[PDB]
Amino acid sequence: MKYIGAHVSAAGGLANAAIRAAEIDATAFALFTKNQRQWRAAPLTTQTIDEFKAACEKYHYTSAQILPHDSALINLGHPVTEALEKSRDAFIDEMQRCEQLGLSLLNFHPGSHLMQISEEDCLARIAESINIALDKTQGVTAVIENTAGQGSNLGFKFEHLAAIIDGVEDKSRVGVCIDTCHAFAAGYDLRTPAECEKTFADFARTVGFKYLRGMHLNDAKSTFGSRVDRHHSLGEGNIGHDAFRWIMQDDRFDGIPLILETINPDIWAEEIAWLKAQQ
């Protein structure tokens, strides 16, 4: 059983995310629990929480089918102490909002070294940030998303993900989400079934599927190994439709949120339908 959806808008209230997901016949969904471009947000109200839970129940979205995404401002590997602490506090709040909403997963990008510290140093800070958040919360798994490798963003190599996991104390609450556009942009080919086999065997050897908690299904406007993060609708990008059919036919991607972050929301219902039909 596969859970297929998209990162829908939470405008007007978190419950609206569940409503919008149901509208496109999604069996999974992602969302921001607050403005992704602002540091502070009003505390969740009992009404917002209840309406969200009610909507999730009404449309059959269990926590295993929802993959919230954290703010874009957070840098869990920031080289400057003040900024690192600010990011950590915000991440803790993000995890706590998940707790309050009955969610069990939180997808986030690792962090960036900003050319001020070593890769190893940065990865260590990220692992510690996760350890701190896990010590302050319960029931929420920190899901590390791989990245395209733009600028000083880390997490573009599977080895980075493995290194962070190695530094996390409570292995039961850490995992990863693989974004196909990011992987492709970072140099992991997905243009043919054979390349997909190779790329995921690499993932298996380095990270291990036991840690896979979600997928972001995005084609790529950017090119192979370009290290540029630009999404595209399925089949219209440089990856092509083969990779997505392959993923839908592989049982290793069962029981986790498979999230579209494609650029034309007006065809999400159709993209979801197509993905389902590939199984």
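All residue numbers refer to positions in the sequence shown, first residue = 1.
Two stretches are in play, 134 to 142 and 104 to 112, and the higher mean C-alpha B-factor belongs to 134 to 142. If you average the C-alpha B-factors over 119 to 127 and over 143 to 151, the higher value belongs to 119 to 127. By the numbers in the PDB entry, the CA B factor is greatest at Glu82 among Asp179, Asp189, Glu82, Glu197. Between the residues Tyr211, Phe244, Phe32, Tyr61, the entry's highest C-alpha temperature factor is the one at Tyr61. When the CA B factors of the chain's modelled residues are split into thirds, the value for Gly255 lands in the middle one. Sort the modelled residues of the chain by CA B factor and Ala273 lands in the middle third. In the PDB entry, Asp89 places in the highest third of its chain by CA B-factor.
When the CA B factors of the chain's modelled residues are split into thirds, the value for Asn218 lands in the lowest one.
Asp50: CA B factor lies in the middle third for its chain, per the PDB record.
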